[PDB]
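Notes follow the structure.
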Amino acid sequence: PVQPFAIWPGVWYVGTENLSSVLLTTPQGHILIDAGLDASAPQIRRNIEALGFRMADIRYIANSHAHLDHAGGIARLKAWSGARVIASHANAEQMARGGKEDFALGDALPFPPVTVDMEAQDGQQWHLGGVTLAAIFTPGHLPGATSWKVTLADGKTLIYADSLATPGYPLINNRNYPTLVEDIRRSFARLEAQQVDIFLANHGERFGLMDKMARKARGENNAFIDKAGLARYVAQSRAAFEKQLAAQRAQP
Ligand SMILES: [Zn+2]
Ligand SMILES: [Zn+2]
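Residues in the sequence shown are numbered from 1175 upward in steps of one, following our numbering.
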């Protein structure tokens, strides 16, 4: 497995090669962003413990969006930590249903249901131990998709970006999620405008995890400082999305 490691002081990667989970540590306890698959949860716990941190000290678990590869492990990690789960309303409703009634997937990819304790509204902030966590509503991939802005105790800004992907989604006359095109285009604009020091995302290949991890492990302390990376992720996503919409318009 990918061994857990420090992205930056107070910021730790505890996920797997593909599925992000990020631990923000503070003297007042910790914040975990995302939790992989249900099958990932034992490994994420082991990774947190291998860094010398306690599950019991995690105060909040924040979700990007309510698909099995980000929310699947939340039920278990919540039980082990006692953390309060934070998510947007739409993600909370989908988590309560274990991923079922998904606008594009239906019931094809369910996961353990979990109760969200605290809803997040756009721009809402939580403070813990010198760190500020703020929700950035970035819908499109799902109606409740959320990116997370973190102001660290040293003043650095971290963005944890959600998915901007629309895999197999009908974009024209989608009766289950009618506004998805307008939503995702606004999400591109919202993210590319963010001031950011450290760019992370909920899949390692979206932010160059493996290459940056290798450089960091070999002494490049600023490997995860990537001020233009979020803009580049948006640009790649926009190009693919606009090609997708044009392709669907050509033969609807
Ligand atoms: Zn997803
Ligand atoms: Zn994912």
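Quick reminder that beta carbons are idealized off the backbone N, C-alpha and C, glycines included.
- With a beta-carbon spacing of about 27 Å, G1272 and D1231 fall beyond the 8 Å limit used to define contacts.
- Annotation: the continuous alpha helix (DSSP H) that includes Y1407 extends over 1403–1424.
- In the displayed model, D1385 falls within a helix according to three-state DSSP.
- At a cut-off of 3 residues, the continuous stretches assigned as beta strand (DSSP E) that sit fully inside the region 1269–1308 are 1292–1294, 1299–1302.
- Here DSSP, grouped into helix, strand and coil, assigns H1263 to helix.
- Across the set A1249, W1254, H1244, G1378, the C-alpha of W1254 shows the shortest separation from the C-alpha of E1223.
- Pairwise C-beta distances place the region 1332–1346 in contact with the region 1364–1378, as three or more of them are shorter than 8 Å.
- In this chain, the beta strand (DSSP E) harbouring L1206 covers 1204–1207.
- For ligand 2, a non-hydrogen atom lies closer than 7 Å to the CB of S1337.
- Not one heavy atom of ligand 1 sits closer than 7 Å to the Cβ of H1301.
- Shown here, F1179 sits in a strand according to DSSP, grouped into three states.
- Between the region 1340–1356 and the region 1249–1269, the count of C-beta pairs closer than 8 Å stays below three; the two stretches do not touch.
- DSSP places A1249 in the uninterrupted alpha helix (DSSP H) bounded by 1248–1255.
- In the three-state reduction of the DSSP assignment, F1362 falls in the helix class, which pools H, G and I.
- Cα atoms of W1300 and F1381: separation of roughly 25 Å, rounded to the nearest angstrom.
- Contact annotation: the region 1237–1251 touches the region 1275–1288, with at least three C-beta pairs closer than 8 Å.
- Checking the 7 Å criterion, the Cβ of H1241 is within range of a heavy atom belonging to ligand 1.
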